[PDB]
């Protein structure tokens, strides 16, 4: 059968009409639908990794594409514009109905001092650069691989030219992050949130009697561990749609997104017993 390499669900065998269907699915970049494909994007973390890897590789040859590892374990090929220690990579969000940082440019420059550094456009919170754990480990991982492959001993500074601006419309400034955007990504890929995806994933979830409706990757991991007999799915704030599923449903998510779906921290548990479905707030 054909299993999504990231979310791990199975695709209806009747949707697979293409000998190329598995290559796309196995790449983490495509979500097969009833009639076509949905394109996944790459996170700021993966785009940053690509920039760093391309900058190092470009020292000993012309680069136009690089392969980077991701937290999900699926290596992805990214198109870049690199030359002599300098790289420019644009993030793409696939079919996400609207990702504020889609198309944002990431620049990477090789420097003398060994290590990974973050410059302009990257926000700062509590005196530290706003790079999530996942993103940080991913970037370091690719940095190590590249340093060895290209016998590199220096370092790279990753920057976002329009980061400070784009940030002004990302609201993350009310979270303590100032002066730029955050670099993140739990899986390395951007889930293409739109109506088509919400409907497609519900249909995919129809192949399972018991399903865990989660808000994000962390929630999904929690459900995988605490509710193994439920097929874990990420529906974000689109819980109402997932609730149309006719089998056994369980809701797992963090306070932030659950109140957004519910309407308030108090409406969660109310909506819970009001739908006949347990809501696990982690």
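Positions refer to the first chain, counted from 1.
Participant: Should the higher mean CA B-factor in the entry be assigned to 115-123 or to 172-180?
Facilitator: Higher mean C-alpha B-factor in the PDB entry: 172-180.
Participant: With reference to the PDB entry, specify whether the mean Cα temperature factor is higher for 94-102 or for 161-169.
Facilitator: The recorded data point to 161-169.
Participant: Which one, 257, 68, 57, 242, has the peak C-alpha temperature factor per the PDB entry?
Facilitator: Highest CA B-factor of the listed options: 257.
Participant: How does residue 83 rank on Cα B-factor within its chain, lowest, middle or highest third?
Facilitator: CA B-factor rank for residue 83: highest third.
Participant: What third of the chain, by the recorded C-alpha B-factor, contains residue 275?
Facilitator: Its C-alpha B-factor, which the entry lists for residue 275, ranks in the highest third among residues of this chain.
Participant: Please place residue 27 in the lowest, middle or highest third of its chain by C-alpha B factor as given in the entry.
Facilitator: For residue 27, whose C-alpha B-factor we compare with every modelled residue in the chain, the answer is the middle third.
Participant: Compared with the other modelled residues in the chain, in which third is the CA B-factor of residue 228?
Facilitator: For residue 228, whose C-alpha B-factor we compare with every modelled residue in the chain, the answer is the middle third.
Participant: Going by the entry, which third of its chain does the Cα temperature factor of residue 151 land in?
Facilitator: Tercile = highest for this residue's CA B-factor.
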